[PDB]
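This is final.pdb. It holds PDB, C-alpha atoms.
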ATOM      1  CA  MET A   1     142.008 101.438  64.191
ATOM      2  CA  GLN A   2     138.513 102.037  65.523
ATOM      3  CA  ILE A   3     137.213 100.697  68.864
ATOM      4  CA  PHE A   4     133.979 100.973  70.844
ATOM      5  CA  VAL A   5     133.474 102.222  74.407
ATOM      6  CA  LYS A   6     130.120 101.516  76.062
ATOM      7  CA  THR A   7     128.586 103.284  79.071
ATOM      8  CA  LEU A   8     126.342 101.613  81.699
ATOM      9  CA  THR A   9     123.372 103.528  80.284
ATOM     10  CA  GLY A  10     123.990 101.902  76.911
ATOM     11  CA  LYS A  11     125.452 104.878  75.067
ATOM     12  CA  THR A  12     128.287 104.030  72.693
ATOM     13  CA  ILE A  13     131.212 106.255  71.747
ATOM     14  CA  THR A  14     133.567 105.581  68.860
ATOM     15  CA  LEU A  15     137.307 106.141  69.184
ATOM     16  CA  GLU A  16     140.350 106.375  66.918
ATOM     17  CA  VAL A  17     143.457 104.683  68.279
ATOM     18  CA  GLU A  18     146.348 102.424  67.340
ATOM     19  CA  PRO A  19     147.605  99.209  69.019
ATOM     20  CA  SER A  20     150.650 101.046  70.365
ATOM     21  CA  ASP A  21     148.417 103.418  72.358
ATOM     22  CA  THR A  22     148.458 103.150  76.140
ATOM     23  CA  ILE A  23     145.389 103.020  78.375
ATOM     24  CA  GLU A  24     146.281 106.492  79.666
ATOM     25  CA  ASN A  25     146.041 107.787  76.096
ATOM     26  CA  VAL A  26     142.703 106.070  75.495
ATOM     27  CA  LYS A  27     141.324 107.671  78.653
ATOM     28  CA  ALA A  28     142.620 111.009  77.370
ATOM     29  CA  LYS A  29     140.662 110.589  74.126
ATOM     30  CA  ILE A  30     137.546 109.746  76.151
ATOM     31  CA  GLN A  31     138.111 112.923  78.167
ATOM     32  CA  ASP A  32     138.080 115.063  75.024
ATOM     33  CA  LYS A  33     134.816 113.566  73.766
ATOM     34  CA  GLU A  34     132.923 113.345  77.044
ATOM     35  CA  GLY A  35     134.600 115.803  79.431
ATOM     36  CA  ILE A  36     135.381 113.139  82.036
ATOM     37  CA  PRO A  37     138.810 113.311  83.716
ATOM     38  CA  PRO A  38     140.990 110.175  83.230
ATOM     39  CA  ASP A  39     141.450 109.729  86.995
ATOM     40  CA  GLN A  40     137.697 109.190  87.300
ATOM     41  CA  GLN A  41     137.694 106.641  84.468
ATOM     42  CA  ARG A  42     137.437 102.851  84.766
ATOM     43  CA  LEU A  43     137.889 100.635  81.688
ATOM     44  CA  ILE A  44     136.930  96.954  81.457
ATOM     45  CA  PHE A  45     137.926  94.438  78.773
ATOM     46  CA  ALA A  46     137.560  90.640  78.813
ATOM     47  CA  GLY A  47     136.594  90.680  82.482
ATOM     48  CA  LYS A  48     139.650  92.706  83.493
ATOM     49  CA  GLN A  49     140.311  96.292  84.544
ATOM     50  CA  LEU A  50     142.869  97.881  82.226
ATOM     51  CA  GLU A  51     145.973  99.372  83.836
ATOM     52  CA  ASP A  52     147.335 102.763  82.794
ATOM     53  CA  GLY A  53     150.890 101.600  82.056
ATOM     54  CA  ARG A  54     150.072  98.970  79.434
ATOM     55  CA  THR A  55     149.054  99.378  75.802
ATOM     56  CA  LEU A  56     146.020  98.235  73.812
ATOM     57  CA  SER A  57     148.123  95.516  72.166
ATOM     58  CA  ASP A  58     149.156  94.144  75.575
ATOM     59  CA  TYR A  59     145.514  93.221  76.251
ATOM     60  CA  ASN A  60     145.075  91.862  72.707
ATOM     61  CA  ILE A  61     142.487  94.519  71.860
ATOM     62  CA  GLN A  62     141.746  94.630  68.121
ATOM     63  CA  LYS A  63     139.432  96.356  65.616
ATOM     64  CA  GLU A  64     135.749  96.426  66.590
ATOM     65  CA  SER A  65     136.546  95.386  70.145
ATOM     66  CA  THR A  66     134.173  96.808  72.735
ATOM     67  CA  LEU A  67     135.350  98.259  76.052
ATOM     68  CA  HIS A  68     133.205  99.083  79.079
ATOM     69  CA  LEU A  69     133.369 102.426  80.869
ATOM     70  CA  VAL A  70     132.561 102.994  84.541
ATOM     71  CA  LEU A  71     132.698 106.360  86.305
ATOM     72  CA  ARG A  72     134.256 107.356  89.626
ATOM     73  CA  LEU A  73     131.942 109.892  91.271
TER
ATOM     74  CA  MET B   1     107.542 113.366 100.136
ATOM     75  CA  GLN B   2     110.559 114.287  98.064
ATOM     76  CA  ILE B   3     113.157 111.585  97.408
ATOM     77  CA  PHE B   4     116.252 111.361  95.229
ATOM     78  CA  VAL B   5     117.069 108.873  92.480
ATOM     79  CA  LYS B   6     120.668 108.651  91.305
ATOM     80  CA  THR B   7     121.928 107.130  88.073
ATOM     81  CA  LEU B   8     125.281 105.413  87.558
ATOM     82  CA  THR B   9     126.447 108.457  85.577
ATOM     83  CA  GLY B  10     125.976 110.674  88.623
ATOM     84  CA  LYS B  11     122.766 112.322  87.481
ATOM     85  CA  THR B  12     120.300 112.995  90.274
ATOM     86  CA  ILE B  13     116.539 113.042  89.837
ATOM     87  CA  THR B  14     114.060 114.674  92.211
ATOM     88  CA  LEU B  15     110.709 112.969  92.766
ATOM     89  CA  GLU B  16     107.387 113.598  94.447
ATOM     90  CA  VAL B  17     105.934 110.642  96.345
ATOM     91  CA  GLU B  18     104.397 109.666  99.664
ATOM     92  CA  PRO B  19     104.859 106.499 101.811
ATOM     93  CA  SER B  20     101.671 104.780 100.606
ATOM     94  CA  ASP B  21     103.199 104.627  97.110
ATOM     95  CA  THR B  22     104.462 101.282  95.801
ATOM     96  CA  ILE B  23     107.823 100.696  94.095
ATOM     97  CA  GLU B  24     105.895 100.114  90.856
ATOM     98  CA  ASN B  25     104.478 103.594  91.299
ATOM     99  CA  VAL B  26     107.944 105.091  91.798
ATOM    100  CA  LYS B  27     109.189 103.422  88.619
ATOM    101  CA  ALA B  28     106.202 104.938  86.821
ATOM    102  CA  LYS B  29     107.184 108.384  88.113
ATOM    103  CA  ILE B  30     110.743 107.796  86.891
ATOM    104  CA  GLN B  31     109.444 106.840  83.443
ATOM    105  CA  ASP B  32     107.385 110.018  83.165
ATOM    106  CA  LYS B  33     110.391 112.234  83.940
ATOM    107  CA  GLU B  34     113.115 110.246  82.197
ATOM    108  CA  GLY B  35     111.378 108.070  79.595
ATOM    109  CA  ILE B  36     112.743 104.757  80.897
ATOM    110  CA  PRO B  37     110.394 101.719  80.949
ATOM    111  CA  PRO B  38     109.863 100.042  84.375
ATOM    112  CA  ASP B  39     111.018  96.552  83.262
ATOM    113  CA  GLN B  40     114.463  98.009  82.577
ATOM    114  CA  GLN B  41     114.597  99.617  86.025
ATOM    115  CA  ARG B  42     116.499  98.395  89.089
ATOM    116  CA  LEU B  43     116.139 100.309  92.362
ATOM    117  CA  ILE B  44     118.583  99.997  95.264
ATOM    118  CA  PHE B  45     118.084 101.113  98.869
ATOM    119  CA  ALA B  46     120.097 100.104 101.945
ATOM    120  CA  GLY B  47     122.074  97.566  99.908
ATOM    121  CA  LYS B  48     119.079  95.615  98.589
ATOM    122  CA  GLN B  49     116.905  95.444  95.468
ATOM    123  CA  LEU B  50     113.380  96.771  95.976
ATOM    124  CA  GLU B  51     110.384  94.667  94.961
ATOM    125  CA  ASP B  52     107.556  96.242  92.939
ATOM    126  CA  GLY B  53     104.653  95.196  95.176
ATOM    127  CA  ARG B  54     105.837  96.702  98.458
ATOM    128  CA  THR B  55     105.606 100.318  99.615
ATOM    129  CA  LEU B  56     108.168 102.944 100.618
ATOM    130  CA  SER B  57     107.127 102.673 104.270
ATOM    131  CA  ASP B  58     107.836  98.935 104.121
ATOM    132  CA  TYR B  59     111.467  99.736 103.295
ATOM    133  CA  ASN B  60     111.538 102.649 105.751
ATOM    134  CA  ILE B  61     112.273 105.093 102.925
ATOM    135  CA  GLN B  62     111.929 108.659 104.199
ATOM    136  CA  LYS B  63     112.129 112.347 103.237
ATOM    137  CA  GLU B  64     115.347 113.102 101.311
ATOM    138  CA  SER B  65     116.192 109.413 101.060
ATOM    139  CA  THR B  66     118.346 108.511  98.077
ATOM    140  CA  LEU B  67     117.538 105.604  95.783
ATOM    141  CA  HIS B  68     119.993 104.137  93.290
ATOM    142  CA  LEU B  69     118.916 103.326  89.746
ATOM    143  CA  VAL B  70     120.501 100.665  87.548
ATOM    144  CA  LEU B  71     119.411  99.898  83.994
ATOM    145  CA  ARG B  72     118.645  96.537  82.418
ATOM    146  CA  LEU B  73     119.887  96.600  78.839
ATOM    147  CA  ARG B  74     119.517  93.893  76.191
ATOM    148  CA  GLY B  75     122.821  94.976  74.700
TER
ATOM    149  CA  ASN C  33     125.497  86.975  79.320
ATOM    150  CA  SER C  34     123.308  85.181  81.855
ATOM    151  CA  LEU C  35     124.401  83.695  85.183
ATOM    152  CA  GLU C  36     121.685  81.029  85.590
ATOM    153  CA  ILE C  37     122.953  77.608  86.596
ATOM    154  CA  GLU C  38     121.346  75.781  83.660
ATOM    155  CA  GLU C  39     122.763  78.245  81.140
ATOM    156  CA  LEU C  40     126.225  77.914  82.674
ATOM    157  CA  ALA C  41     126.007  74.128  82.420
ATOM    158  CA  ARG C  42     124.952  74.370  78.770
ATOM    159  CA  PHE C  43     127.837  76.749  78.145
ATOM    160  CA  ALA C  44     130.159  74.087  79.542
ATOM    161  CA  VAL C  45     128.773  71.400  77.227
ATOM    162  CA  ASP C  46     128.921  73.654  74.160
ATOM    163  CA  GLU C  47     132.463  74.740  75.003
ATOM    164  CA  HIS C  48     133.537  71.133  75.628
ATOM    165  CA  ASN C  49     132.011  69.948  72.352
ATOM    166  CA  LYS C  50     133.904  72.658  70.468
ATOM    167  CA  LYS C  51     137.283  72.011  72.145
ATOM    168  CA  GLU C  52     137.291  68.213  71.757
ATOM    169  CA  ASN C  53     135.142  67.894  68.617
ATOM    170  CA  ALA C  54     132.634  65.742  70.482
ATOM    171  CA  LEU C  55     128.842  65.820  70.523
ATOM    172  CA  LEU C  56     127.406  65.382  73.999
ATOM    173  CA  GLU C  57     123.720  66.156  74.538
ATOM    174  CA  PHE C  58     122.798  68.197  77.607
ATOM    175  CA  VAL C  59     120.111  66.592  79.765
ATOM    176  CA  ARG C  60     120.055  68.017  83.289
ATOM    177  CA  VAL C  61     121.835  69.871  86.052
ATOM    178  CA  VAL C  62     122.334  67.744  89.170
ATOM    179  CA  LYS C  63     124.053  70.081  91.621
ATOM    180  CA  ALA C  64     125.968  73.345  91.725
ATOM    181  CA  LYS C  65     128.507  75.111  93.920
ATOM    182  CA  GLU C  66     129.707  78.695  93.716
ATOM    183  CA  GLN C  67     132.672  80.431  95.316
ATOM    184  CA  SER C  68     133.466  84.087  94.775
ATOM    185  CA  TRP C  69     136.635  86.129  94.875
ATOM    186  CA  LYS C  70     137.127  89.873  95.032
ATOM    187  CA  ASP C  71     139.796  91.182  92.694
ATOM    188  CA  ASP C  72     140.482  94.901  93.005
ATOM    189  CA  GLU C  73     137.248  96.664  92.094
ATOM    190  CA  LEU C  74     135.797  93.612  90.321
ATOM    191  CA  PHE C  75     134.230  90.350  91.485
ATOM    192  CA  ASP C  76     135.014  86.886  90.134
ATOM    193  CA  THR C  77     132.988  83.695  90.625
ATOM    194  CA  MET C  78     133.839  80.011  90.159
ATOM    195  CA  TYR C  79     131.031  77.573  89.403
ATOM    196  CA  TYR C  80     131.295  73.860  90.160
ATOM    197  CA  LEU C  81     128.623  71.976  88.260
ATOM    198  CA  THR C  82     127.484  68.363  88.201
ATOM    199  CA  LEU C  83     125.500  67.657  85.044
ATOM    200  CA  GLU C  84     123.913  64.964  82.895
ATOM    201  CA  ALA C  85     124.793  64.456  79.251
ATOM    202  CA  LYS C  86     124.480  61.795  76.556
ATOM    203  CA  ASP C  87     127.683  60.571  74.915
ATOM    204  CA  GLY C  88     126.477  57.858  72.545
ATOM    205  CA  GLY C  89     122.831  58.013  73.521
ATOM    206  CA  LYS C  90     124.094  56.776  76.868
ATOM    207  CA  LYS C  91     123.419  58.996  79.885
ATOM    208  CA  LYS C  92     126.545  59.918  81.857
ATOM    209  CA  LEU C  93     127.555  62.227  84.710
ATOM    210  CA  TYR C  94     130.147  64.993  84.320
ATOM    211  CA  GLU C  95     131.714  67.605  86.605
ATOM    212  CA  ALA C  96     132.500  71.050  85.206
ATOM    213  CA  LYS C  97     134.280  74.181  86.433
ATOM    214  CA  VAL C  98     133.341  77.543  84.926
ATOM    215  CA  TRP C  99     135.307  80.688  85.755
ATOM    216  CA  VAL C 100     133.387  83.950  85.433
ATOM    217  CA  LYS C 101     135.468  87.124  85.382
ATOM    218  CA  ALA C 102     133.765  90.408  86.304
ATOM    219  CA  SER C 103     130.640  88.607  87.522
ATOM    220  CA  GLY C 104     130.181  91.727  89.639
ATOM    221  CA  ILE C 105     131.593  95.242  89.887
ATOM    222  CA  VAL C 106     132.155  97.562  92.862
ATOM    223  CA  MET C 107     129.831 100.572  93.111
ATOM    224  CA  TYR C 108     130.711 102.568  96.217
ATOM    225  CA  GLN C 109     127.613 104.788  96.252
ATOM    226  CA  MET C 110     125.148 101.941  96.841
ATOM    227  CA  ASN C 111     126.900  99.862  99.525
ATOM    228  CA  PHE C 112     125.338  99.717 103.002
ATOM    229  CA  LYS C 113     127.302  99.054 106.196
ATOM    230  CA  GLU C 114     126.050  97.185 109.251
ATOM    231  CA  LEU C 115     127.974  96.349 112.436
ATOM    232  CA  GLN C 116     127.588  92.774 113.692
ATOM    233  CA  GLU C 117     130.130  92.518 116.525
ATOM    234  CA  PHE C 118     132.343  94.816 118.567
ATOM    235  CA  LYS C 119     134.557  93.439 121.332
ATOM    236  CA  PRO C 120     137.949  93.900 123.083
ATOM    237  CA  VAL C 121     140.567  91.185 122.500
TER
ATOM    238  CA  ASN D  33     131.038 104.774 101.192
ATOM    239  CA  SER D  34     134.702 103.857 101.000
ATOM    240  CA  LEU D  35     135.656 100.188 101.337
ATOM    241  CA  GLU D  36     139.105 100.888 102.734
ATOM    242  CA  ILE D  37     139.852  98.979 105.928
ATOM    243  CA  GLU D  38     140.798 102.130 107.837
ATOM    244  CA  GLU D  39     137.519 103.848 107.045
ATOM    245  CA  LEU D  40     135.638 100.675 107.982
ATOM    246  CA  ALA D  41     137.293 100.526 111.397
ATOM    247  CA  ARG D  42     136.328 104.140 112.052
ATOM    248  CA  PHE D  43     132.776 103.199 111.127
ATOM    249  CA  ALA D  44     132.872 100.339 113.622
ATOM    250  CA  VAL D  45     134.125 102.577 116.435
ATOM    251  CA  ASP D  46     131.760 105.459 115.636
ATOM    252  CA  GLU D  47     128.783 103.097 115.381
ATOM    253  CA  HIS D  48     129.697 101.319 118.627
ATOM    254  CA  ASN D  49     129.886 104.646 120.448
ATOM    255  CA  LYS D  50     126.419 105.612 119.221
ATOM    256  CA  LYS D  51     125.010 102.155 119.967
ATOM    257  CA  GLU D  52     126.335 101.897 123.529
ATOM    258  CA  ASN D  53     126.531 105.601 124.444
ATOM    259  CA  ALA D  54     130.324 105.388 124.846
ATOM    260  CA  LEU D  55     133.136 107.410 123.291
ATOM    261  CA  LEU D  56     136.163 105.364 122.269
ATOM    262  CA  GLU D  57     138.842 107.278 120.346
ATOM    263  CA  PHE D  58     140.019 105.700 117.115
ATOM    264  CA  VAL D  59     143.772 105.385 116.673
ATOM    265  CA  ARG D  60     144.632 102.975 113.863
ATOM    266  CA  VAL D  61     143.778  99.769 112.019
ATOM    267  CA  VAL D  62     146.019  96.750 112.519
ATOM    268  CA  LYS D  63     144.713  94.022 110.209
ATOM    269  CA  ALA D  64     141.601  92.817 108.385
ATOM    270  CA  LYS D  65     139.977  89.683 106.998
ATOM    271  CA  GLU D  66     137.677  89.800 103.974
ATOM    272  CA  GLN D  67     135.471  87.329 102.082
ATOM    273  CA  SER D  68     132.839  88.092  99.414
ATOM    274  CA  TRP D  69     129.750  86.238  98.129
ATOM    275  CA  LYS D  70     127.033  86.784  95.501
ATOM    276  CA  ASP D  71     123.483  87.333  96.743
ATOM    277  CA  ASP D  72     120.838  87.498  94.007
ATOM    278  CA  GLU D  73     122.007  90.235  91.636
ATOM    279  CA  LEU D  74     124.229  91.838  94.300
ATOM    280  CA  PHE D  75     127.500  91.108  96.116
ATOM    281  CA  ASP D  76     128.088  91.273  99.871
ATOM    282  CA  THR D  77     131.407  91.444 101.725
ATOM    283  CA  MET D  78     132.133  90.530 105.347
ATOM    284  CA  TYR D  79     134.971  92.270 107.202
ATOM    285  CA  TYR D  80     136.731  91.138 110.378
ATOM    286  CA  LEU D  81     138.884  93.987 111.715
ATOM    287  CA  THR D  82     141.477  94.401 114.468
ATOM    288  CA  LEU D  83     141.928  98.013 115.627
ATOM    289  CA  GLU D  84     143.303 100.314 118.344
ATOM    290  CA  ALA D  85     141.189 102.781 120.312
ATOM    291  CA  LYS D  86     141.450 104.749 123.567
ATOM    292  CA  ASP D  87     139.014 103.989 126.380
ATOM    293  CA  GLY D  88     140.233 106.250 129.182
ATOM    294  CA  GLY D  89     143.106 107.718 127.223
ATOM    295  CA  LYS D  90     144.546 104.206 127.367
ATOM    296  CA  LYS D  91     145.063 102.359 124.074
ATOM    297  CA  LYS D  92     143.312  99.002 123.724
ATOM    298  CA  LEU D  93     142.784  96.436 120.962
ATOM    299  CA  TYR D  94     139.320  95.628 119.612
ATOM    300  CA  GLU D  95     137.759  93.176 117.154
ATOM    301  CA  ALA D  96     134.882  94.246 114.923
ATOM    302  CA  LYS D  97     132.646  92.471 112.423
ATOM    303  CA  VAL D  98     131.268  94.650 109.638
ATOM    304  CA  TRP D  99     128.730  93.516 107.056
ATOM    305  CA  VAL D 100     128.650  95.458 103.793
ATOM    306  CA  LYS D 101     125.585  94.900 101.628
ATOM    307  CA  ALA D 102     125.775  95.695  97.908
ATOM    308  CA  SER D 103     129.560  96.042  98.040
ATOM    309  CA  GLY D 104     129.250  95.005  94.403
ATOM    310  CA  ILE D 105     126.529  94.625  91.781
ATOM    311  CA  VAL D 106     126.039  92.085  88.986
ATOM    312  CA  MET D 107     126.400  93.605  85.519
ATOM    313  CA  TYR D 108     125.834  90.924  82.888
ATOM    314  CA  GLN D 109     127.320  92.795  79.911
ATOM    315  CA  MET D 110     130.801  92.743  81.479
ATOM    316  CA  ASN D 111     131.169  89.149  82.665
ATOM    317  CA  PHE D 112     133.604  86.871  80.834
ATOM    318  CA  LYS D 113     133.073  83.114  80.822
ATOM    319  CA  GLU D 114     135.763  80.476  80.564
ATOM    320  CA  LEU D 115     135.592  76.702  80.861
ATOM    321  CA  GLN D 116     138.340  75.347  83.100
ATOM    322  CA  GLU D 117     137.693  71.658  83.616
ATOM    323  CA  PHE D 118     135.407  69.014  82.106
ATOM    324  CA  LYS D 119     135.630  65.422  83.287
ATOM    325  CA  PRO D 120     133.537  62.311  83.600
ATOM    326  CA  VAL D 121     131.999  61.325  87.005
TER
END

Output the file's structure in the form of structure tokens.
Amino acid sequence: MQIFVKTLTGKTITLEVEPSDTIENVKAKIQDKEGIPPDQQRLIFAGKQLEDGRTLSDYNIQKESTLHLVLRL
Amino acid sequence: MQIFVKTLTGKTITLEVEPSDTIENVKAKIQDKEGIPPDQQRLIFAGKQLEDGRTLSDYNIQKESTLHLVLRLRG
Amino acid sequence: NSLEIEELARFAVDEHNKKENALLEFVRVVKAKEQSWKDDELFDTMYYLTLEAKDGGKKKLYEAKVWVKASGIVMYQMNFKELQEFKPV
Amino acid sequence: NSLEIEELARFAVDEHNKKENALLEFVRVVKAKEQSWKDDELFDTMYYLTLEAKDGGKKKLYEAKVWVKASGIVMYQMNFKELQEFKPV
């Protein structure tokens, strides 16, 4: 499945994932594309901050869903 | 004067200004270096949003002061 | 996704019309209250709205509660600290 | 720029020392009270802190009020709206 991650400057990155994937794994994919360590990554969906332990399916994230990325500097 | 503008992605921009300059003038300087239109610009200093009409000296912005830039996006 | 009081009130009417298959017509906002809550690194805000709508062409008053999640977000680099009081107990 | 209560108490002590030409020595934070509110497109948070410091090498308890401006910022793209209650009156 393909999902969208959007930066605060409006740039959009496309990811390949599956519903079973955890948030830690999604952050890992972001790290490979954008060189940002997962510890410095903040992900927002439906007004909530996603926790590392849970999976994409736990938050009811589906195809063409958009997530928001915030950096820890 | 030289002041710093920081984006939410951690990028830092160096500017040349002096206290007589207005906030509208600073946004114009930012647009020339970074290609971002002034309407989409939000500037933060000392925990407050700066108004276009006023000057740097009004906000007591000084040498090596850091400003924070936030973008207004339609998306 | 705007946070203006009139837009929030119209959101409430549109959402209410959809949930209960009704057709109220938004007229005015009378009064508004907001209370905010900090959750982790995000901010949440509750809006209490008094509004005017038409049910059958008849003007009526309604009270609505709108919950906005992630109305704000914590950015550490821009915060500014000021001391107001310092005293022994 | 941390918003941790321990760092905030150290700020209160360090700022008080500079403001009143004293030198209290920070020991620890005991407890804190926090409430947040939205101002324009920004969020502010008010902190009420109880802490321990040494005056003459003797530990004492102090109460500090710290105002943090732009503790959060409004980002419209991330907010999520939900209607909770809709009733006549």

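Every protein, DNA or RNA residue with an atom at most 7 Å from stretch 85-87 of chain C, where all atoms listed in the file count and chain neighbours fewer than 6 positions away do not, is listed here: residues 55, 56, 57, 58, 59 and 93 of chain C.
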
Residue selection dump (C-alpha atoms) as a PDB file, keeping the file's coordinate frame:
ATOM      1  CA  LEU C  55     128.842  65.820  70.523  1.00  0.00           C
ATOM      2  CA  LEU C  56     127.406  65.382  73.999  1.00  0.00           C
ATOM      3  CA  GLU C  57     123.720  66.156  74.538  1.00  0.00           C
ATOM      4  CA  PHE C  58     122.798  68.197  77.607  1.00  0.00           C
ATOM      5  CA  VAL C  59     120.111  66.592  79.765  1.00  0.00           C
ATOM      6  CA  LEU C  93     127.555  62.227  84.710  1.00  0.00           C
TER       7      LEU C  93
END

- request: Using the chain letters and numbers from the file, give me the residues hit by the PyMOL selection byres ((chain C) within 10 of (chain B)), as a ChimeraX atom specification.
  value: /C:33,107,109-114

statement: re atom CA of residue A:48 and atom CA of residue D:98: distance 27.5 Å

- request: Would you kindly translate the PyMOL selection byres ((chain C) within 8 of (chain D)) into the concrete residues it picks from this file, as an MDAnalysis selection string?
  value: chainID C and resid 33:35 44 47:48 67:70 74:75 92:121

Could you turn the residues from that selection into a file that holds C-alpha atoms, as a CSV table (one decimal), in the frame of the given file?
chain,number,residue,atom,x,y,z
C,33,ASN,CA,125.5,87.0,79.3
C,34,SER,CA,123.3,85.2,81.9
C,35,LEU,CA,124.4,83.7,85.2
C,44,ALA,CA,130.2,74.1,79.5
C,47,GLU,CA,132.5,74.7,75.0
C,48,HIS,CA,133.5,71.1,75.6
C,67,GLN,CA,132.7,80.4,95.3
C,68,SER,CA,133.5,84.1,94.8
C,69,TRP,CA,136.6,86.1,94.9
C,70,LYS,CA,137.1,89.9,95.0
C,74,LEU,CA,135.8,93.6,90.3
C,75,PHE,CA,134.2,90.4,91.5
C,92,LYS,CA,126.5,59.9,81.9
C,93,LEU,CA,127.6,62.2,84.7
C,94,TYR,CA,130.1,65.0,84.3
C,95,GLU,CA,131.7,67.6,86.6
C,96,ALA,CA,132.5,71.0,85.2
C,97,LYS,CA,134.3,74.2,86.4
C,98,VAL,CA,133.3,77.5,84.9
C,99,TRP,CA,135.3,80.7,85.8
C,100,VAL,CA,133.4,84.0,85.4
C,101,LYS,CA,135.5,87.1,85.4
C,102,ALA,CA,133.8,90.4,86.3
C,103,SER,CA,130.6,88.6,87.5
C,104,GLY,CA,130.2,91.7,89.6
C,105,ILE,CA,131.6,95.2,89.9
C,106,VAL,CA,132.2,97.6,92.9
C,107,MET,CA,129.8,100.6,93.1
C,108,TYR,CA,130.7,102.6,96.2
C,109,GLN,CA,127.6,104.8,96.3
C,110,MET,CA,125.1,101.9,96.8
C,111,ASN,CA,126.9,99.9,99.5
C,112,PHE,CA,125.3,99.7,103.0
C,113,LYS,CA,127.3,99.1,106.2
C,114,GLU,CA,126.0,97.2,109.3
C,115,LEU,CA,128.0,96.3,112.4
C,116,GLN,CA,127.6,92.8,113.7
C,117,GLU,CA,130.1,92.5,116.5
C,118,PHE,CA,132.3,94.8,118.6
C,119,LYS,CA,134.6,93.4,121.3
C,120,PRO,CA,137.9,93.9,123.1
C,121,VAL,CA,140.6,91.2,122.5

message: Should the cut-off be 7 Å, what would the residue list for chain B against chain A look like, counting only C-alpha atoms, as number ranges by chain?
response: B: 9-10, 71, 73

Taking all atoms listed in the file into account, produce a table as a tab-separated table in which each residue of chain A with an atom at most 9 Å from an atom of chain D appears once, together with its shortest atom pair and the distance in Å to one decimal, ordered by chain and rising number.
residue	atom	partner	partner_atom	distance
A:8	CA	D:107	CA	8.9
A:44	CA	D:110	CA	7.4
A:45	CA	D:110	CA	7.8
A:46	CA	D:112	CA	5.8
A:47	CA	D:112	CA	5.1
A:48	CA	D:112	CA	8.8
A:67	CA	D:110	CA	9.0
A:68	CA	D:110	CA	7.2

- request: Using all atoms listed in the file, determine which residues lie at most 6 Å from stretch 12-26 of chain A, disregarding the query and same-chain residues fewer than 2 positions distant; provide the list as a PyMOL selection string.
  value: chain A and resi 1-6+28-29+52+54-57

- request: Run the PyMOL selection byres ((chain B and resi 26-41) around 9) mentally over the shown coordinates, then write out the matched residues as a ChimeraX atom specification, using the chain letters and numbers from the document.
  value: /B:5,13,15-17,21-25,42-43,52,69-73

field: Atomic separation - atom CA of residue D:60 relative to atom CA of residue D:91, Å
entry: 10.2 Å

- request: Can you work out the spacing between atom CA of residue A:65 and atom CA of residue A:37 in Å, to one decimal?
  value: 22.6 Å

Taking every listed atom of stretch 93-105 of chain D and adding 6 Å to each side, what centre and edge lengths in Å (one decimal) does the axis-aligned box have, as lines of an AutoDock Vina configuration file?
center_x = 134.2
center_y = 94.5
center_z = 106.4
size_x = 29.2
size_y = 16.0
size_z = 41.2

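Here the question is which of A:64, A:58, A:11, A:69 gets nearest to residue A:40 using only C-alpha atoms, and that residue is A:69.
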
Would you kindly place N, CA, C and O atoms on stretch 104-111 of chain D and return the model as an mmCIF file, in the frame of the given file?
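Listed below is the output, part15.cif:
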data_model
loop_
_atom_site.group_PDB
_atom_site.id
_atom_site.type_symbol
_atom_site.label_atom_id
_atom_site.label_comp_id
_atom_site.auth_asym_id
_atom_site.auth_seq_id
_atom_site.Cartn_x
_atom_site.Cartn_y
_atom_site.Cartn_z
ATOM 1 N N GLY D 104 129.138 95.128 95.845
ATOM 2 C CA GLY D 104 129.250 95.005 94.403
ATOM 3 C C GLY D 104 127.884 94.744 93.795
ATOM 4 O O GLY D 104 126.934 94.414 94.508
ATOM 5 N N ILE D 105 127.780 94.897 92.480
ATOM 6 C CA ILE D 105 126.529 94.625 91.781
ATOM 7 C C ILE D 105 126.804 93.819 90.513
ATOM 8 O O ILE D 105 127.820 94.022 89.847
ATOM 9 N N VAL D 106 125.901 92.898 90.188
ATOM 10 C CA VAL D 106 126.039 92.085 88.986
ATOM 11 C C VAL D 106 125.689 92.880 87.732
ATOM 12 O O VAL D 106 124.563 93.352 87.581
ATOM 13 N N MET D 107 126.658 93.025 86.833
ATOM 14 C CA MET D 107 126.400 93.605 85.519
ATOM 15 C C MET D 107 126.725 92.567 84.450
ATOM 16 O O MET D 107 127.892 92.241 84.221
ATOM 17 N N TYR D 108 125.689 92.057 83.795
ATOM 18 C CA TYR D 108 125.834 90.924 82.888
ATOM 19 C C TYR D 108 126.679 91.220 81.650
ATOM 20 O O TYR D 108 127.371 90.333 81.149
ATOM 21 N N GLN D 109 126.616 92.451 81.147
ATOM 22 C CA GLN D 109 127.320 92.795 79.911
ATOM 23 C C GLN D 109 128.839 92.669 80.050
ATOM 24 O O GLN D 109 129.539 92.493 79.053
ATOM 25 N N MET D 110 129.353 92.767 81.275
ATOM 26 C CA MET D 110 130.801 92.743 81.479
ATOM 27 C C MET D 110 131.409 91.397 81.857
ATOM 28 O O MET D 110 132.632 91.262 81.843
ATOM 29 N N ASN D 111 130.593 90.408 82.204
ATOM 30 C CA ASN D 111 131.169 89.149 82.665
ATOM 31 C C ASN D 111 131.838 88.405 81.508
ATOM 32 O O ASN D 111 131.454 88.560 80.348
#
